[PDB]
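Contents: one structure, followed by commentary.
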Amino acid sequence: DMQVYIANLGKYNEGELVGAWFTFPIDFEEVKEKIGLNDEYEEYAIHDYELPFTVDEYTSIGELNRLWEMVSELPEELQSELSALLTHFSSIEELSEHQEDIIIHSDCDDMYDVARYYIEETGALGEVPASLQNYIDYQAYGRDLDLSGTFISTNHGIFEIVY
Amino acid sequence: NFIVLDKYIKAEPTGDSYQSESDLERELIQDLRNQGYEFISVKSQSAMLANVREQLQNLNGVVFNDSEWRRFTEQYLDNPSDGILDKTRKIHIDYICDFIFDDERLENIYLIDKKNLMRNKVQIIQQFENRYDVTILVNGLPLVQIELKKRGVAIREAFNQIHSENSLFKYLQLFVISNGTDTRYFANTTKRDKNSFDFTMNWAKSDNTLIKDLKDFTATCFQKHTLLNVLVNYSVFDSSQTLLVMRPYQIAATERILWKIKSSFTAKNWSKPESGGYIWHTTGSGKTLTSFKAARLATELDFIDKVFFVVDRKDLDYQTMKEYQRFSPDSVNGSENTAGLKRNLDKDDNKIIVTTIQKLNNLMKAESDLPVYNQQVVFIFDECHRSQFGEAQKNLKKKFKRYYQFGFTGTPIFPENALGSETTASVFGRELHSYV
Amino acid sequence: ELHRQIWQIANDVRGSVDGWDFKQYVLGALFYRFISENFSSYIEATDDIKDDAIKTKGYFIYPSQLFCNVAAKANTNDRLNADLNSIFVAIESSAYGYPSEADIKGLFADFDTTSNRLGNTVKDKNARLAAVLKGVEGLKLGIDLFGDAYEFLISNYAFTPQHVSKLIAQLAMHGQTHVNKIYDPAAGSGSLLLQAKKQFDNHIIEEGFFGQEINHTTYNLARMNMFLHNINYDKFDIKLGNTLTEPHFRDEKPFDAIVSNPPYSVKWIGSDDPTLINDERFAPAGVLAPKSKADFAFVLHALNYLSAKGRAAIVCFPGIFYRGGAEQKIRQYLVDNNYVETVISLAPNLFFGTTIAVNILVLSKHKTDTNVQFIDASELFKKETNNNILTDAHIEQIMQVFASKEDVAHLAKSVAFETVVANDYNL
Amino acid sequence: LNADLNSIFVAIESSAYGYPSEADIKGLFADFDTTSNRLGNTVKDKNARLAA
Amino acid sequence: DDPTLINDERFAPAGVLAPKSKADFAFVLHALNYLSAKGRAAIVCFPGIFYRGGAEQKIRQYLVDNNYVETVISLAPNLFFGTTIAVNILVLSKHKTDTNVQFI
Amino acid sequence: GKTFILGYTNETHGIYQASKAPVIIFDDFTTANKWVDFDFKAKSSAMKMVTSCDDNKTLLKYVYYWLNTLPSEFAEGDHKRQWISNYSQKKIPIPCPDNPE
C-alpha cells in the first residue's frame, strides 16, 4: 500500500536500476543509502507506484510525503475512494477545502435509496398518507437530484458533493 | 516454411512490351497458372455472383437452393446500402455470418478459412467493362487489383496521374499498382499526394534490398500462402477506420519469431539463451504495432498459455495500451498493481497481458510459485538484455522455467548508448533480424 | 451457502444488459447444466465424468422410456467445458434439436427456443456465450438446491411471494389425499405449483399438474420450472394458449382441487361473437362477462371442472364487489348453492408492481350451509417490506380460523344467507 | 401495394426500395429511408398488414 | 482533456476545462466559438450555474472578461415536461453597452 | 417539520443533547423551520446545528427570534439550494457595542 519505485536518473535508461519500494515516510538519505549515488544528485526516477491517485514523474519526495500526510489526514473510507472523489476535484488541498462537504451513504446504494432516504426518513415533506404512501416517484426524484446535486456512485456507498 | 526466404528467386521480364496493357498480362496469368492459379472467363456480373455460390459449395461444404441464396446475397453479401468501410470490416472482422436453413439449423457461413489457408480456393480474372486491369478473386470475392502502366508513367505519378452498379467490385481491398519497372501496393486509402511513393511500399529482399521488376515480384508476393498471409495474418484493420499493411521486414522478423516458437516448441526446449533471440528495429518499426501483431499471433498460435509483453515504465504502459485499444478489442493491462494481476493470470479470453517490469519484480521477489509457473508462457520483453540485467533476469533464470524469452529492442549492445544493462549475446542468444 | 450463491447470481451473470434479455440465455445454460448432471447421474445406474461414444439404441430407448431425453454420447456441459472457449456457437443449437427429436412418446418438447441471437457480430456472440457458459459453469452447486437459484432468478425486480402461494396451497389442502391434483387455469409460472410437490413429496403424485398459459416464453419457463424440481416426465405438462377460447382438456376431468392467479382485467372479444351463450360453462350464468374483466369466466370455468371434494382457491382484485345486476346474478348463482363458501381479503400491498388489497375466494360443491367469512385487515404482518410476510404460523393462525367456522371478534365470521340476500350481495 | 390477401411476395419493409433510399444523383443525404423498403416476414399476413 | 482539446481553440481560453459531469458549461464555450458580435445567440441551461465554485468561476469570469455573455433570463418551474425546475436562458452577443444584465 | 418523532436510546449513540439552549436549521432546501433545542435532543439526520462561539452576548433565543425578524429573505424555502453563505455571512442588527452587558 502506497509505495514507489524511485531510482534513478543516473543512467537515464533505467540503468543503475535500484531501490525497490518505499513506503511513507520517505527520506532523501534513506533512499540515498538504498541506492548509493550516481556520482552526482539526479535521482527519484518516478517510474512505478502503488498509490490510490495520480502522481507525476518528477515529483519531489517532500511533496510525496506531503501527499501521503494529506492521505493519512483523510478518513479511510475516503482513502478507499480517492480515485472516484478526485474525478470531481483536481488536487487534495482542494479536496481538503470541502472535506467537510461530503455526504456519505453506506445506507443508500443506488439513486432510488437516496430518494427514499431524503423523502421518508428525512421527512422533507411530512405527511405520507396511506392513500399517498406508494405514490412518490423516487425515480424522478432521483433524476432531479442527479440534475441538481453532484453525486458519485462508489463501492462503499454514494457520496454527495454538496456545497 | 517461410514467406520471405533468404535466398532470392530469379528476375525476368514477361515482355510482350509493357507499353501495351494487353500482352504481358497473359504471360503473368500463365505464370500464376504455373503457380497454380485458375484463370476463368467471367466477363460479366451475374454469373460471377453465381461463381460465389460456386465457391462456397467448395468452401463451407454445404448446399444452397435459390431462395436462401437470394436471402444471403441480399441480406449479407450485397447489401446495397453499405460502402467500402463496413465491407472492409466484413473482410477482416465480420467474415463469418450465421445462417438458418429451411431445415432451421444454424450454420456459420465462412468467407475465408483463416485456419487452413490452403483450403481457400483462388481464381484470377482480367479486363472487362475504362482501363485494362487484372483482378485476383479469392473464394468468389475479388480482392487484388493490378494495373500495369507505361514506362512514361513515373513512380510518383503511379497514383498521381490516374486517380454502382456494379456494386460487387466494392470488395476490392488492395491497390497493387505497377508500371513495368516498379510495383507498389497499399490499402483502402486514396489521398492524393500524401499516399504517394512515400506512404506506399516497394517489396524488398530478405533483409533490406528493394525490388523493381515484375515476374520476380510475382514469384515472391503472389504465392499462395504469401498473398493470403498478406490478406489475413498481417492486415491490421484499425477502427479509425483504416486498414494498415505492415512493412515486409516487419513481417519477415515476425515470421522468424513465430517460426522460432514453432521450432523450439516441437523440440520441447525452453529457457535457453539460444532458444531466445532479439530484433534490432530501433526505428522505422512501429514497435508497438509489430509487437501487437506478433503477440496476437502468439495468442492464437495456441502452443502456450500466456503472452507477457513487458516493458519498463516512463509513460509507456499507459501509452501502448492506448496504442492497443486503438487496435480495438482485447488487451489486459497491468493496472494497477500485483493485486488482481494474479486475477489477470487467472483470466484468459483477453490473453495479451502488458505491464511494467517493476510490477513483475513485485511479483517475482515473493509470492511463491504462481500457478502459471510450469505452463508454456512467452515473455516478449522490450529493451532487451542490453537494457535489462538484474532482479528480473536473475530471478527469471532462478524461478521461471518454461519461458520463451524474446523481445523487440531498440537497445542491443551499442558503442553509443549502452549505459543500460549487461550483455545480450550469452543471455538472449543470437540476433535474428535487423533493419537500417 | 444459499444466499452466497444467490449473491453470485446477483452479481456475476448479471451482465451486460437488462436481465429480461439475457435471462433466457442464463436459464438455458442453467437448464442444460441440469440435464448434463441428471443424465450423467442416471447413466451411472462407471466413471463418466468423461463419456464414451458407444450409444446402444436398445439401451438408449430406456431413457426415452424413462427420462425421454437422451442428451448425447458426449455433448454435455461437463464435456462442453473442455471445448468451452472454442469455435463455435451453434453446437448448442444442434444439441437442442437432437435431444428434442425424441418422438417416443408424449414429446413435451419444442422447447429450448432461447438463443437466436443478439448479439451484433459472431465473435461477440461467441465470447458472450463463452462468458455465460463459464459463469454458469463457475458455480458451486454440489445437487438438490438447484431450483432455489431458479426461484431467486425468477424473483428479479421486474411475483406471488412464497407465503401467499403457501396460503393458497393450505387453503387448497386439508383432509385430502385424493387423486387427482391438480388443474391450473392460467398458470403463469409454476411457482405456485411448486408447493404442490412439497405437499406431494409427502405421499405421492396423483396426476399431472395441468396448466394452460398464453405467453409462449412464460410457457417455456413454466415447463422448465416444473421440470427442474425432480418431477417425473409422464404427467406434468402445460397447454399453450387461452383458456377462455379453447380450454383443454374439457373431457378430462372433473377435478378435485384447483388454484389460480388470473391477470388484471385482460380483455376478451367473444360475447357473443361465437355462440358462447350456448356453451357448457357460461350457460348457467345466463349472461356473459363484459370486456373489462375476465375473472368470472375463470371461476365458471373452475366450478365446471370440479368434484364433490372439488375446491377452488382463486384470487381476485376487488372487481368482484357488487358491480351490478349481471354481476349480482353471478354472485347469486354462486350463493344459489353453497358454491362459494368463504372469502378472504388481505391488505395492500403484498404484491410486486401492484397496489391494491386482494381477495381470496374459496369454492366447493359441499354444504356449509352459509357463508363464513375469514377476513382480516391486520394482521397481515406489515413490517417487512411491505406487507411482508405472512410469517410461518401466522398463516397457520389463519388456517386455524379457516378450520371450523369460527366467529372471532375483530375478524370475520359467519353471516346468515338471509342477511346476505337482505344485503345486496356484498363483500 | 395495398389491395388484397394471398399474393407473392413477402418482403416490403427494410431493404430494397433502393432507388429512393440510395438515390445517389444527387444531394443524396444517406440513411434517408431507414424505415420501410423490402423485408419482410410472412406472405400476406405481412403484405395484407400493409394492405389493410 | 486527454486529446488536443486540452489545447484547442475554446478550452485554452477557458483555462480550466470541462469536468466529467458538468460539461454543460462546455457548450457555451462552444457557442462563443460559433459567434459574431451583431447576431445574438439564445441557449438554456438547467439552473446548476451560480458560478459553480472556482472550478467554473474563471469560466464565469471568462464570460465576464468582456460581455461575452450579454443577458440572462430566468423562468418558472415547471413550464416543461415534468422537471419541475426552471432553467436559465443565456443570450450571448458581442454587442455591448456595457452593463451587467439581470433582466430576468 | 415538527420537532418531535418519539424516543430513542440516548446511550452510546453520540447524541449531543447538552447545552440546554442551542438551535438548528431545518431544512436543507427550506431553511425556515426553526426550533430551540430545549432539553436533551438528538442529531437526527438533517439537524445542522447552530449555537454561539461567544456565549456572553448571544442569548440565542435572541437570535432564534432574530432569524424570524427577517422572514422575507431567510425563511423562504423555494428550490433545491443550500444556503451556507446566506445564513453564514451577514447581517443582523445587534445592540453591540452595548456588548455584552
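Cβ sites come from the backbone with ideal geometry, for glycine too, and all protein chains shown count toward neighbours. Laboratory data are not the source of any read-out in this text; all were calculated from the coordinates shown.
Kirkwood Rh, Cα Rg: Rg to Rh for the protein assembly as shown?
Numbers: Rg = 39.4 Å, Rh = 39.0 Å.
Dividing the radius of gyration by the Kirkwood radius yields 1.01.
Using the alpha-carbon atoms, what tilt in degrees (0 to 90, nearest 10) does helix A:61-73 show relative to the longest principal axis of chain A? Roughly 30 degrees, rounded to the nearest 10. Between B:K398 and B:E274, the contour length at 0.36 nm per residue exceeds the Cα-Cα span by 42.9 nm. Under the simplified labelling scheme, the C:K413-B:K114 pair shows an inter-label distance of 8.1 nm, with each label point 7 Å from Cα along Cα→Cβ.
With both labels modelled 7 Å from their Cα along Cα-to-Cβ, the B:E129 to C:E44 distance reads 6.5 nm. Annotation for C:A102 and F:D39: the two label points, set 7 Å from Cα along the Cα-Cβ direction, are 7.3 nm apart.
On the principal axes of its alpha-carbon atoms, chain C has extents of 75, 48, 44 Å, going from largest to smallest.
Using the Cβ-Cβ distance between C:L240 and C:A10 with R0 set to 30 Å, the FRET efficiency from 1/(1 + (r/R0)^6) comes to roughly 0.45. Solvent-free Debye calculation, one equal scatterer per alpha-carbon of chain E: log10 I(q)/I(0) at 0.19 Å⁻¹ equals -1.02. Evaluated at q = 0.16, 0.17, 0.21 Å⁻¹, a Debye calculation over the C-alpha positions of region A:1-125 (equal weights, vacuum) places log10 I(q)/I(0) at -0.83, -0.90, -1.16.
When Rg and the Kirkwood radius Rh are both evaluated on Cα atoms of region B:44-116, their ratio Rg/Rh stands at 0.94. Packing here is the average count of other Cβ atoms within 10 Å per residue, and on that basis the peptides E:26-33, C:101-108, highest first, run E:26-33, C:101-108. Peptide F:44-53 has a mean of 1 when you count, residue by residue, the C-beta atoms of other protein chains within 10 Å of its C-beta. The smallest convex shape that holds all Cα atoms of region B:245-435, its convex hull, gives 114 Å³ per residue. Here, region C:163-211 yields an orientationally averaged convex hull projection of 3.2 nm² when only Cα atoms define the hull. Partner shielding of D:35-42 amounts to 1, given as the average count of beta-carbon atoms from other chains within 10 Å of each residue beta-carbon.
When both bridge partners sit in region C:162-422, DSSP labels roughly 65% of those beta bridges antiparallel. May I ask what percent, to the nearest 5, of DSSP beta bridges between residues of the protein assembly as shown are antiparallel? Percent antiparallel among DSSP bridges in the protein assembly as shown is about 65. Fewest-first ordering of B:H92, B:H281 by other beta carbons within 10 Å of each residue's beta carbon gives B:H92, B:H281. Inter-chain neighbour count for E:16-22: the average number of beta-carbon atoms from partner chains within 10 Å of each residue's beta-carbon is 3. Between the beta carbons of B:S167 and C:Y157, assuming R0 = 41 Å, the FRET efficiency works out to 0.25 to the nearest 0.05. Mean separation of Cα pairs under 8 Å and 6 or more residues apart, divided by the residue count, gives chain A a relative contact order of 19 percent.
For region C:288-427, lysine pairs separated by 8 or more sequence positions, or belonging to different chains, with Cα-Cα distances below 19 Å total 10. Say a paramagnetic label sat at a point 7 Å from the Cα of A:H156, along Cα to Cβ; which residues of region A:95-136 have their backbone N under 16 Å from it? Of the residues in region A:95-136, A:96, A:99-109 have backbone N under 16 Å from the label point off A:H156. Rounded to the nearest 0.05, what FRET efficiency do B:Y318 and E:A23 have when you use their Cβ-Cβ distance and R0 = 30 Å? Efficiency at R0 = 30 Å is approximately 0.85. Near C:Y322, once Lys and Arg are set to +1 and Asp and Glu to -1 for all other residues with Cβ below 15 Å from its Cβ, the sum equals +1.
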